[PDB]
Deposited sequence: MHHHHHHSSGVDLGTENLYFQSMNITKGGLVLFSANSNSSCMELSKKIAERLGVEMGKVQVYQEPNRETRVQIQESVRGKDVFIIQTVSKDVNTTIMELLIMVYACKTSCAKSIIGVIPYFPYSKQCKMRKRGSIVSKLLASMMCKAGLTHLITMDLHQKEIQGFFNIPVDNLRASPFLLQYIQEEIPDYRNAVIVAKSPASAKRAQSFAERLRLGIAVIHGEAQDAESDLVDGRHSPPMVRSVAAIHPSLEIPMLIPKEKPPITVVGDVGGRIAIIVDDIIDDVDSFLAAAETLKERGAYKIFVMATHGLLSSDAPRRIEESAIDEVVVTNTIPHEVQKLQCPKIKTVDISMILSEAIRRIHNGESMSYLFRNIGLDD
């Protein structure tokens, strides 16, 4: 090792990779990722990779399917050029929120020649076992939790909310470390005590904004005076940022697992939280053959 590549083809999607590089104190590898006039992808690796430990950094662009082919093709080229290890750093694993298609995607990535994966907060964490190679499915919560603590005034007067019974688990994990109660939404009503409190809605992803909006109206109706949304992944497809701006939600806090330049502008309610540290530390450990055990002991928001 060690070599970092980005398999992304526009500036906005290469931001994360750029931050990870600044943190490790390295240059990015040279590559060209573009598109032929027939819309086929072209990856072209502009340096020796032989014997090296290569971390390919790949975020999800607007064109997810093209994101995949850029990744697959690049991984394949690294295999052909006899890289020693080909670690996918794919913080947001696509096709993962439901024949289980996240399995199929995992295979093609393995068949292409991936030999390790690093990723954050998998929609179902059983997807780790969809691969036939080692996988790190990383936590983002410490960074969100620490945000709640430092950036939300009056948090001890909050209640952690789950958008649906499916999110109840994650709500509980937040409440526990914040010593708080939980409420869970389930058209729809509420279970729990929400009146006269800040309500912090907690999920792994926010993309389809519908049932985040319904959660906000109900929580408002039952006397919650401030509504937040914390999610790992800010997919925020199509007219999400507008529907948020107009709505009861006071703030949306997501990480930078997925680039969302435009939506930030369309909606100043969206607050991004930088995660490159969790990512650069995972890569540092994996390169040096250190344990993963901790992994948060010395890293923070800061």
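Trainee: How would you list, in order, the spans of the deposited sequence that the model does not cover?
Mentor: 1-28, 127-133, 222-262, 379 are the stretches of the deposited chain that have no C-alpha coordinates in the structure.
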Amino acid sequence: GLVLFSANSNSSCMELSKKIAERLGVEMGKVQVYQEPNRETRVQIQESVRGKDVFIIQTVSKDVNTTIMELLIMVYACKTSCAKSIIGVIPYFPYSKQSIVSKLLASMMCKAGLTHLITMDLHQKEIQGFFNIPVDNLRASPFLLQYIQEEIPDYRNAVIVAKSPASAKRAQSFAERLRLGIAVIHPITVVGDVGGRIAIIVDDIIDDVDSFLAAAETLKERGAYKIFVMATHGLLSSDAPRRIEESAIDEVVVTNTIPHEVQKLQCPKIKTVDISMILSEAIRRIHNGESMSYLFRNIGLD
From here on, numbers count along this sequence of modelled residues.
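Trainee: Mean C-alpha B factor from the entry: is it higher for 238-246 or for 270-278?
Mentor: On average, C-alpha B-factors are higher across 238-246.
Trainee: Between 188-196 and 159-167, which has the larger average Cα B-factor in the PDB entry?
Mentor: Taking the mean C-alpha B-factor of 188-196 and of 159-167, the larger value falls to 188-196.
Trainee: Select one of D121, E126, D203, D154: the residue whose C-alpha shows the highest B-factor in the crystal structure entry.
Mentor: By C-alpha B-factor in the record, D154 ranks first.
Trainee: If you rank every modelled residue in this chain by C-alpha B factor, which third holds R222: lowest, middle or highest?
Mentor: As the PDB entry reports it, the C-alpha B-factor of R222 lands in the highest third of its chain.
Trainee: Select lowest, middle or highest to describe the third in which the CA B-factor of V54 falls within its chain in this entry.
Mentor: Middle third - that is where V54 ends up once the chain's C-alpha B-factors are sorted.
Trainee: Among the modelled residues of this chain, does the Cα B factor of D136 put it in the lowest, middle or highest third?
Mentor: Lowest third.
Trainee: Among all modelled residues of this chain, ranked by Cα B factor, put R179 in the bottom, middle or top third, i.e. lowest, middle or highest.
Mentor: Highest third.
Trainee: What third of the chain does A7 rank in for C-alpha temperature factor, lowest, middle or highest?
Mentor: CA B-factor rank for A7: lowest third.
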